[PDB]
Amino acid sequence: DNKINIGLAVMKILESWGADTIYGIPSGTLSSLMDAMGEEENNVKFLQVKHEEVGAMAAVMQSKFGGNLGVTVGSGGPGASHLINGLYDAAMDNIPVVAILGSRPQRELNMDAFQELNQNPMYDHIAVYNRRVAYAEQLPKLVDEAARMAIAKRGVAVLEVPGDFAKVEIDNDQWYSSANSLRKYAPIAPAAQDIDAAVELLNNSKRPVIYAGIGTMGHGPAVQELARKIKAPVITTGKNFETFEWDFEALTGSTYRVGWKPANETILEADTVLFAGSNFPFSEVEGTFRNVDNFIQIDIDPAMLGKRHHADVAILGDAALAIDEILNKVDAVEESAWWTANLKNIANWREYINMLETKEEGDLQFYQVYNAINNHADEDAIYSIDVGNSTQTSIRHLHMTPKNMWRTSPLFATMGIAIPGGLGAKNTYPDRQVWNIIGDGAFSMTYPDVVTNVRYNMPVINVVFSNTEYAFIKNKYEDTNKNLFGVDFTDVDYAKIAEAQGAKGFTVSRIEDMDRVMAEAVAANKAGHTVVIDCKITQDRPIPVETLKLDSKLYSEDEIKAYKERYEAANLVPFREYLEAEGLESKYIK
Amino acid sequence: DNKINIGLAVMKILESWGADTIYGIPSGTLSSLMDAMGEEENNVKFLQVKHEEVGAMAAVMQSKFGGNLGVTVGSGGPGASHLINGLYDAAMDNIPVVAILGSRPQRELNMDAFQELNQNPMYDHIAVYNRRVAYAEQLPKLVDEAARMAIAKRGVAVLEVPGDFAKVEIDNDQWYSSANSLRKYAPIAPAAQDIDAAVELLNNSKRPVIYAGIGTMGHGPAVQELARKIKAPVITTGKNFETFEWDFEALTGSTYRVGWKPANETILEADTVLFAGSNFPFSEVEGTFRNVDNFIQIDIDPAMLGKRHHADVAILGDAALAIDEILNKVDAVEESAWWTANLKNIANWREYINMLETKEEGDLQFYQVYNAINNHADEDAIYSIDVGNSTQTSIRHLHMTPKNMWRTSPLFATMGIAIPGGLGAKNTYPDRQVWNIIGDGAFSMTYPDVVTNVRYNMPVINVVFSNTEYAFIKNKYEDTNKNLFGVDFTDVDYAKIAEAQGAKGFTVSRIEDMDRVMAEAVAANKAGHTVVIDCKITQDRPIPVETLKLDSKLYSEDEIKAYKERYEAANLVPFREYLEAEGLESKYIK
Amino acid sequence: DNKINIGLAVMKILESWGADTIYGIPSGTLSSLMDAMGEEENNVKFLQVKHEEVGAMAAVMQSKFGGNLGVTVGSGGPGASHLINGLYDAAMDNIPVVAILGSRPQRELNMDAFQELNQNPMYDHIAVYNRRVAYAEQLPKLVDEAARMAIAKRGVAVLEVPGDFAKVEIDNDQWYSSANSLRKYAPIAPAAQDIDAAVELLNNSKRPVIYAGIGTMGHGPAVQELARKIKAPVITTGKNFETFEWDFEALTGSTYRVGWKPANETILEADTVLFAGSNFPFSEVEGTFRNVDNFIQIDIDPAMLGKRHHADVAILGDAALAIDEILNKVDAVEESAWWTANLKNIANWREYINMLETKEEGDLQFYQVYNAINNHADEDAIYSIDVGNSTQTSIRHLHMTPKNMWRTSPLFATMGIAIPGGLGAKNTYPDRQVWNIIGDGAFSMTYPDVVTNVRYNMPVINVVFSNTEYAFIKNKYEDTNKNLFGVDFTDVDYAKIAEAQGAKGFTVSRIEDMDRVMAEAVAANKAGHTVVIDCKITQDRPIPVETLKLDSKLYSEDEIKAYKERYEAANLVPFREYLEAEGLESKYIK
Ligand SMILES: Cc1cc2nc3c(=O)[nH]c(=O)nc-3n(C[C@H](O)[C@H](O)[C@H](O)COP(=O)(O)OP(=O)(O)OC[C@H]3O[C@@H](n4cnc5c(N)ncnc54)[C@H](O)[C@@H]3O)c2cc1C
Ligand SMILES: Cc1cc2nc3c(=O)[nH]c(=O)nc-3n(C[C@H](O)[C@H](O)[C@H](O)COP(=O)(O)OP(=O)(O)OC[C@H]3O[C@@H](n4cnc5c(N)ncnc54)[C@H](O)[C@@H]3O)c2cc1C
Ligand SMILES: Cc1cc2nc3c(=O)[nH]c(=O)nc-3n(C[C@H](O)[C@H](O)[C@H](O)COP(=O)(O)OP(=O)(O)OC[C@H]3O[C@@H](n4cnc5c(N)ncnc54)[C@H](O)[C@@H]3O)c2cc1C
């Protein structure tokens, strides 16, 4: 032993924590650190992006997709501030990530020098750790603790690092990594008393429903078995569709806007809700559970117990173990009018969606684009979804199973999350098929980074929806506003831009050309090319399932007529009809 | 059912969470809320203090002493800002507490009105929850969540509440409490693989030492049994003395300044350290573990694993269970030179302390005041200790056991924590003997609140050390400075002030009068009186155990001579002598 | 030249800026700096307080009273946080002040060491400068800039200083003071076009009124001359009474609660308002100007123009110059019914106040305490007023002139501002009579610092109002609440406490004893003693002039009867009567 460069010590620490990829853009305030990358057999790699926000989002999405702890860097000042959308997303999603903010050298601090400023206030509100390194020798210790904190506190750990520190040398015995001491709690078994109370309520309920969030990830088969055992339909969240087999007989979808018709009707007619591993944000403001009688909640976070609705039964512990315990103790239900009515309601919805997806000719709609994806995607495909209307509606069409991964920016909802997500995913799974589904608005905030996929040979399939408008925003102008719309722009040739970036571009605007174009796009991706499919679609909006104008006791004939005509929903049948057909009555309608 | 006042709903929620005591000062920006207190059979009580900081600290100390969740209020502006020292203490100690900041009515917000301001920035840095209520109807929900968060996140939950909101009425079905869903994780068993690794290291160590922090609270007997089984001396932290029987043969005390001579010598000679449930803050900066060979850590917080020193073995889980598992698996050690040497070193230290405590006549020193306390205190006495030098040194004298509770402001170290601590303690244990041990400086920041104990008939014994100087500060002027001192003030008659406040005052300055005065003070307290014992002591400083000038191989004869003379330590023997007497050699000296 | 200690360099810089007094409490994290005080012929002195908040408030009040730039220090952690109320007051009042936050040495930063923490977030929201010194050598530069910024930006400049920096030595040519370059703008003349527009409106107004704030400080004689010239009554603000001769024929007082009856009636009947140098905070929320027709504003701050009400005429520049220009150009008014009616209304109010102040026997009321002060105070007496109801009402009784200074915490309104104010005032004017007028609640938050006046031989007269209740708070429980009150405490002997602190205490509870007690108190103060007059007054509340129940067209006979009986206001006459007597009619009543 002898001496070691502080920058190298930092890289050794990062590698010990599994943080082998740093995302960002090189700069003078970060050079000393980056210069240590590699050599001494270090395995930390640098992935250079075009905009630091994409680097931050990529580092975060890497973890969302099950990858290693990500690290993102931003040069002192503007580079650091550019990380904001990625860090806010991580903070709200409780995703570990280490953000390193470069800074002018120590001697320049507080001198009002060029691009010199106090960056401590920048992320203090959202960070789980936020410190300005005070002297070179403690940099290794703080990077180690930043990783430890990001992981333990499930959030953003931020370090402001003066650019001269990494150049300093220290004794090899003056630093260490605590990665070897990394420990995590194994799934914890729920209290028998709480499981028992839940079992009693479920046994005595006439209309049970399972509302499963990502806390049930990895336990879809068990949840489906419980659903079948007690004849309780399943409602999922916008983040948890992959947990279920897309064609599961009792899957009603999700509630509210980015949801399905069945789920939205089921929740208003349910009696007992098993809220498993969810923190559904629309709960209170949209009155999701306004008609429920009993509410059972399962969660590993005590801060969540009884948060979204009063909980008659609270179960603290792992959702897997809890579901298994409930499954073993609850009584089996052979026949149920409630179950039968729900199955028919779901089937009716699937008929509608299938009809839209399988059209043969005409102006392209996003429905058929999703159909093409289903017909050509690998069974274990990864989906990086952006936040627009046409992209979030993907959960109504993608035929996913737990073999897939579907991730977005679900709560903070930052636009432009797709491309960075694709980078994080492909970096983690180089041999796996990765799709980025993006709307024109979101694409326009991040398409310069398509070149990043090209440069690093991380081939992804970019599916871009171009409608010259904004469906999502076109939905918030007919529910609170009164004046005319106004969200129509020009016609940018994204395929041409892709070609200019070294990617392969395709343009499609007809349903009859979609299958061929998708096949060619997939084949090109398999040849190692990043592709951009510019889908010139119509201005059609996904049917608003939060405002179902189908029940003749809730809306007028004219309203139902116009609703059916606009969304091609002539064959959709209101849930009450299915309930009454099985001898039941609506608990709230009339 | 029908309607309910929002303020009353808030009180019902607080009571459901066990928060039956609100500390603060009445004001117009808090009146609507306080007006709901009581009535409708509500049991929430208000304890009015003289300075809001005492209310905040009292609410926090209430929890430190094992009481219910505390609530502290501060009027918009100055009342709210006055809570700062109490909230910072809670934040750093990870103590749950709900702080309600009053505010001018909604209509005045952002108008630059009188005593109107944005208070959201005030505590955002330290809070686990920090929100400004946006409308009256959600106040109940936010107070409920504030309690849930404070407890779940072990910290400060802050709510800024416009003064007009509590006056509003809502439907009784428009609010609920999630207190019924409160759940906490039971002690979690450690991984067998980690316990086994620890057992191997302890079995093969020639000089094992147990360093126990408050994570071992409630398991002192087991820790003492392990110490005896493997012949490993025990070192404790400044916060964890009550966990051990004060006279335990192998208790070496704590390290650094507020510690004992034995512990400070033991840690520099130890080979293997079992760091159980501690986050000792002096670890790195004072090089506490600079000579240790192996380090084993037990903690329930993964963020702490390997934080204070590289951990060769990391055990995640409850300290109780871990200690029990280690105790059952480790080999018993019959004889140990290391153990024998430590026992003699401890005995030598106890001879010194006993000699100081048992003096019969002369100018009063804090040593004899502590002696008097030991001779008259109840076996289950509660001690609220302030942060000065003469008060923290109490851990060298108080003969405590797990039947006692000793609490202070250990990390943030805010002065004036004693009186508030006494309030929180007496509020929780009305029939228990409570002592506030305070230095003149700290007392001077909080003595107006002695009247609070008087007014609410919460009798406590205030022991005040008056030396016209500041021992603690008189220690940081001979280790980094060079110029003369200068910390001598006047002679305020605290006994007279106490009498003026309705309390009983005593003044003592001679060792031969101490026992009688203490007896009278205790008897007065048992008659329901709050007492203030103004102890006029000498300027003697507690022997500096962080700089032991006793070993002739570490310091010169003249230094050792002067050291022994100044601290009356002629009979103290350096640990190396005891080591060599048992056939061992110092691992670092020479 | 050669070398110099950084701490000494800092003191030389402070002295060059006139900052010769540092307020605070000594501590290890501040010792290196304080050790440099004095020697090398430096004139910076240290004034040690009992609670750091008093040190902060004293440093701030020093400037409010026309003294030099104040400096306040707070030890790392709790000492620093204790400064908050003083700093918020300075921030809201736009008063320059330098706050130095001590900190653990550089090597301990970010190590989670004892009493070690990031203090940058603490005051970032309110500071005009807030930096953590990055290395020793730049400390002098930053202290110099802190002073420059505090003064130039009229606010709080904060520096966090690691305790090891001041010990470092630098070359004497490596530091400098920019105090020699201190420059301030002289009064700026207003635009002739704006003065002319104002002159036209005033000339054509039938009911002009001058509303003067502290922007008119130093120009009272001119304002009174303008009032007489155009026959426009004068309304002042709670901060600006000293600007006028207390007995000025046309002084109506101030509006709202801490005001007089005349002003409150005048503003609702006025047509044109000359709003000179004011930022009256109650303007919008209390509808102060709801009946005004024209509004003219004069201010040196463009941010204030049109802030409190739409401005028909805006004058940017010095109030003195503007008043002089208006005075020279406006037409003289010989007779005015509006003026005559106002003079009678004012006289009627003065009859009432005089009657209360001159009672001869009975239970003491604050009215007679103020009478005694008027009869014994020096013509140039300085008044440090706290924020309670009985103390703010002093503007209804004190017979002040520009020779006096009256200061409080007017906007942030922190309780306990009086004692610190007295310290700042006496430090600045050692040979001047200084009075601290305090309510029992405020006194209880700061009385331990009475000893500070004693210790430093800065004799002040503390007048304490003890009513066992809280008048102010007793006013916000009968305008928004509904339930019973509840603000009665014990009876603390403040005179006895004062004696215990080395001060001279007096107790008085009868009107017939007030003059003698005051005479003795003043004589004692002239003998160099700090005094505390414990005035045991009744629970009588100052008449609520914001809710004048006197006009038979605004309130019922029973209401007027009860109002007159409760406040001994049988002889008060509603302004409308005086208006009609002069041939005028109310513009809003009926
Ligand atoms: C534009 C846009 C529109 C959207 N529209 C909708 C919509 O209409 N409908 C919809 O549903 N969503 C929608 N979303 C997504 C939505 O905002 C939420 O992010 C999502 O519903 C949250 O899902 P969740 O409850 O599964 O998980 P989270 O909110 O992440 O909460 C998961 C919960 O599971 C708990 N948990 C974790 N692990 C375990 C375990 N092992 N055992 C037990 N509990 C565990 C956690 O503590 C947590 O409480 C939309 C998002 C965007 C960006
Ligand atoms: C003026 C002053 C001087 C001081 N001087 C000294 C001094 O000289 N020496 C000294 O030792 N102290 C001193 N202190 C106190 C010192 O600052 C620390 O607060 C104290 O040592 C921390 O003790 P701790 O490690 O027991 O607990 P904490 O710092 O509170 O840490 C406890 C640890 O236990 C873990 N834990 C909690 N529950 C469990 C469980 N069930 N199982 C396992 N782990 C668990 C926690 O996660 C945490 O990591 C002083 C304080 C003041 C104010
Ligand atoms: C408990 C309590 C109760 C109170 N009750 C009342 C009450 O009932 N009534 C009341 O009136 N006050 C009351 N106050 C005081 C009140 O809150 C305000 O602080 C005060 O009225 C502000 O007075 P101001 O407008 O003179 O000065 P400021 O608010 O300080 O504004 C002065 C203005 O003058 C300008 N200025 C400065 N220098 C010049 C110059 N040379 N030329 C031109 N313009 C200049 C400034 O830019 C500024 O806009 C109370 C305070 C407390 C603590």
# chains A, B, ... in the order shown; residues from 1 in each chain; ligands from 1
>>> closest_atom_pairs(of="chain C", to="ligand 2", cutoff="8 Å", atoms="only C-alpha atoms and all ligand atoms", output="JSON lines")
{"residue": "C:113", "atom": "CA", "partner": "ligand 2", "partner_atom_place_in_ligand_line": "17 (O)", "distance": 7.9}
{"residue": "C:114", "atom": "CA", "partner": "ligand 2", "partner_atom_place_in_ligand_line": "17 (O)", "distance": 5.3}
{"residue": "C:115", "atom": "CA", "partner": "ligand 2", "partner_atom_place_in_ligand_line": "17 (O)", "distance": 7.5}
>>> interface_residues(of="chain C", to="chain B", cutoff="7 Å", atoms="only C-alpha atoms", output="number ranges by chain")
C: 27-28, 32, 35, 50-51, 77-78, 81-82, 84-85, 108, 112-115, 121, 125, 281-282, 285, 411-414, 444-445, 448, 455, 473, 476, 481, 483, 490, 492-493, 496-497, 500-501
>>> write_last_selection(atoms="N, CA and C atoms", output="short mmCIF file (atom, residue, chain, number, x, y, z; two decimals), in the first residue's frame")
data_model
loop_
_atom_site.label_atom_id
_atom_site.label_comp_id
_atom_site.auth_asym_id
_atom_site.auth_seq_id
_atom_site.Cartn_x
_atom_site.Cartn_y
_atom_site.Cartn_z
N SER C 27 -18.40 30.86 23.24
CA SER C 27 -18.47 29.41 23.04
C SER C 27 -17.24 28.93 22.29
N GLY C 28 -17.00 27.63 22.32
CA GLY C 28 -15.85 27.07 21.64
C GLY C 28 -15.84 27.31 20.14
N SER C 32 -12.03 31.44 18.78
CA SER C 32 -10.92 31.94 17.97
C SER C 32 -11.15 33.37 17.51
N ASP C 35 -11.24 35.86 20.68
CA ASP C 35 -9.91 35.99 21.27
C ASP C 35 -9.11 37.14 20.67
N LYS C 50 -27.66 36.91 28.13
CA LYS C 50 -28.03 35.64 28.75
C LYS C 50 -28.68 34.68 27.76
N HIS C 51 -29.30 35.22 26.73
CA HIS C 51 -29.96 34.41 25.70
C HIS C 51 -29.59 35.05 24.36
N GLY C 77 -25.10 25.63 15.83
CA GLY C 77 -26.28 24.90 16.25
C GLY C 77 -27.29 25.74 17.01
N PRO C 78 -27.51 25.43 18.30
CA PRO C 78 -28.47 26.14 19.17
C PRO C 78 -28.24 27.64 19.39
N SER C 81 -29.39 29.18 16.01
CA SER C 81 -30.84 29.13 15.84
C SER C 81 -31.54 30.08 16.81
N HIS C 82 -30.90 30.38 17.93
CA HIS C 82 -31.50 31.28 18.91
C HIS C 82 -31.60 32.72 18.40
N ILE C 84 -32.84 33.63 15.54
CA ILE C 84 -33.97 33.77 14.64
C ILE C 84 -34.97 34.91 14.81
N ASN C 85 -35.52 35.11 16.00
CA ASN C 85 -36.49 36.19 16.16
C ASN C 85 -35.90 37.57 15.91
N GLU C 108 -14.45 18.73 10.83
CA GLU C 108 -15.64 18.05 11.33
C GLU C 108 -16.88 18.22 10.46
N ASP C 112 -21.10 14.40 10.56
CA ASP C 112 -22.16 14.07 11.51
C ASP C 112 -21.52 13.98 12.88
N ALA C 113 -20.73 15.00 13.18
CA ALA C 113 -20.04 15.09 14.46
C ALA C 113 -20.94 15.76 15.48
N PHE C 114 -20.42 15.94 16.69
CA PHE C 114 -21.19 16.57 17.75
C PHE C 114 -21.50 18.04 17.43
N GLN C 115 -22.78 18.40 17.57
CA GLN C 115 -23.24 19.77 17.33
C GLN C 115 -22.73 20.30 16.00
N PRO C 121 -29.13 26.46 5.37
CA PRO C 121 -30.57 26.60 5.15
C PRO C 121 -31.28 27.47 6.19
N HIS C 125 -33.76 32.09 3.61
CA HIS C 125 -34.99 32.76 3.20
C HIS C 125 -35.06 34.26 3.50
N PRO C 281 -49.31 48.28 6.80
CA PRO C 281 -49.73 46.90 6.53
C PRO C 281 -51.20 46.52 6.66
N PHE C 282 -51.99 47.35 7.33
CA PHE C 282 -53.41 47.04 7.50
C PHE C 282 -54.27 47.59 6.37
N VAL C 285 -56.37 44.67 4.14
CA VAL C 285 -57.17 43.78 4.97
C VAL C 285 -58.18 44.46 5.90
N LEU C 411 -43.57 45.02 12.74
CA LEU C 411 -44.16 44.18 11.71
C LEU C 411 -44.08 42.69 12.01
N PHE C 412 -42.89 42.22 12.36
CA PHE C 412 -42.72 40.81 12.72
C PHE C 412 -43.36 40.68 14.10
N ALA C 413 -43.25 41.75 14.89
CA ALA C 413 -43.83 41.83 16.23
C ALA C 413 -43.38 40.75 17.20
N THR C 414 -42.08 40.55 17.32
CA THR C 414 -41.59 39.55 18.25
C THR C 414 -41.66 40.08 19.68
N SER C 444 -41.62 38.11 30.68
CA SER C 444 -41.34 36.74 31.07
C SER C 444 -40.48 35.97 30.06
N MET C 445 -40.38 36.49 28.85
CA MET C 445 -39.56 35.84 27.83
C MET C 445 -38.14 36.39 27.83
N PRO C 448 -34.47 37.47 32.26
CA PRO C 448 -33.17 37.06 32.79
C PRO C 448 -32.08 38.02 32.30
N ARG C 455 -24.81 44.20 34.84
CA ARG C 455 -23.41 43.84 34.64
C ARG C 455 -22.58 44.84 33.86
N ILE C 473 -54.20 39.54 23.58
CA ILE C 473 -54.81 38.25 23.28
C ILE C 473 -56.27 38.25 23.73
N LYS C 476 -58.50 39.28 20.78
CA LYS C 476 -58.71 38.37 19.66
C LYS C 476 -59.56 37.17 20.06
N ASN C 481 -63.74 34.43 17.85
CA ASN C 481 -64.04 33.24 18.65
C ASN C 481 -65.48 33.24 19.15
N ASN C 483 -66.14 30.77 22.29
CA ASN C 483 -65.99 30.18 23.62
C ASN C 483 -65.39 31.16 24.62
N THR C 490 -50.39 33.24 37.31
CA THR C 490 -50.08 33.50 38.72
C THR C 490 -49.66 34.95 38.97
N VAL C 492 -46.21 36.56 39.78
CA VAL C 492 -44.77 36.57 39.98
C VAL C 492 -44.29 37.94 40.47
N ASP C 493 -43.47 37.93 41.52
CA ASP C 493 -42.95 39.16 42.10
C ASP C 493 -41.74 39.64 41.30
N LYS C 496 -38.94 41.54 43.25
CA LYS C 496 -38.06 40.65 44.00
C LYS C 496 -37.02 40.02 43.08
N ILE C 497 -37.45 39.66 41.88
CA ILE C 497 -36.55 39.07 40.91
C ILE C 497 -35.49 40.10 40.54
N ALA C 500 -32.89 40.35 43.07
CA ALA C 500 -32.04 39.17 43.01
C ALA C 500 -31.01 39.26 41.88
N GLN C 501 -31.29 40.12 40.90
CA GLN C 501 -30.40 40.30 39.76
C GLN C 501 -29.46 41.49 39.91
#
>>> residues_around(residues="stretch 257-268 of chain B", least_positions_apart="3", cutoff="6 Å", atoms="only C-alpha atoms", output="PyMOL selection string")
chain B and resi 235+252-254+291+346+393+545-546
>>> residues_near_ligand(ligand="ligand 1", cutoff="8 Å", atoms="only C-alpha atoms and all ligand atoms", output="ChimeraX atom specification")
/A:93,187,212-217,236-240,254-259,276-282,298-301,304,316-320,386-389,392,408-414,472
>>> atom_distance(atom1="atom CA of residue B:507", atom2="atom CA of residue B:467")
12.9 Å
>>> atom_distance(atom1="atom CA of residue B:242", atom2="atom CA of residue B:17")
28.5 Å
>>> residues_around(residues="residue C:129", least_positions_apart="6", cutoff="9 Å", atoms="only C-alpha atoms", output="PDB file with N, CA and C atoms, in the first residue's frame")
ATOM      1  N   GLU C 145     -17.441  42.068   3.179  1.00  0.00           N
ATOM      2  CA  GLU C 145     -18.572  42.094   2.270  1.00  0.00           C
ATOM      3  C   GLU C 145     -19.896  41.932   3.005  1.00  0.00           C
ATOM      4  N   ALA C 146     -19.890  41.205   4.119  1.00  0.00           N
ATOM      5  CA  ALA C 146     -21.120  41.027   4.886  1.00  0.00           C
ATOM      6  C   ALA C 146     -21.592  42.386   5.401  1.00  0.00           C
ATOM      7  N   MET C 149     -22.808  44.513   2.438  1.00  0.00           N
ATOM      8  CA  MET C 149     -24.108  44.039   1.967  1.00  0.00           C
ATOM      9  C   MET C 149     -25.244  44.366   2.930  1.00  0.00           C
ATOM     10  N   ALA C 150     -25.014  44.140   4.220  1.00  0.00           N
ATOM     11  CA  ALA C 150     -26.036  44.423   5.216  1.00  0.00           C
ATOM     12  C   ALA C 150     -26.493  45.869   5.081  1.00  0.00           C
ATOM     13  N   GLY C 155     -30.419  44.827   5.251  1.00  0.00           N
ATOM     14  CA  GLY C 155     -30.902  43.562   5.766  1.00  0.00           C
ATOM     15  C   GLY C 155     -29.881  42.727   6.508  1.00  0.00           C
ATOM     16  N   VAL C 156     -30.233  41.461   6.698  1.00  0.00           N
ATOM     17  CA  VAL C 156     -29.417  40.503   7.429  1.00  0.00           C
ATOM     18  C   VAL C 156     -28.352  39.800   6.592  1.00  0.00           C
ATOM     19  N   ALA C 157     -27.087  40.002   6.951  1.00  0.00           N
ATOM     20  CA  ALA C 157     -25.969  39.356   6.263  1.00  0.00           C
ATOM     21  C   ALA C 157     -25.476  38.260   7.208  1.00  0.00           C
ATOM     22  N   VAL C 158     -25.499  37.013   6.744  1.00  0.00           N
ATOM     23  CA  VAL C 158     -25.110  35.878   7.578  1.00  0.00           C
ATOM     24  C   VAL C 158     -23.874  35.126   7.092  1.00  0.00           C
ATOM     25  N   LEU C 159     -22.955  34.853   8.014  1.00  0.00           N
ATOM     26  CA  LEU C 159     -21.740  34.114   7.693  1.00  0.00           C
ATOM     27  C   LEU C 159     -21.571  32.950   8.654  1.00  0.00           C
TER      28      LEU C 159
END
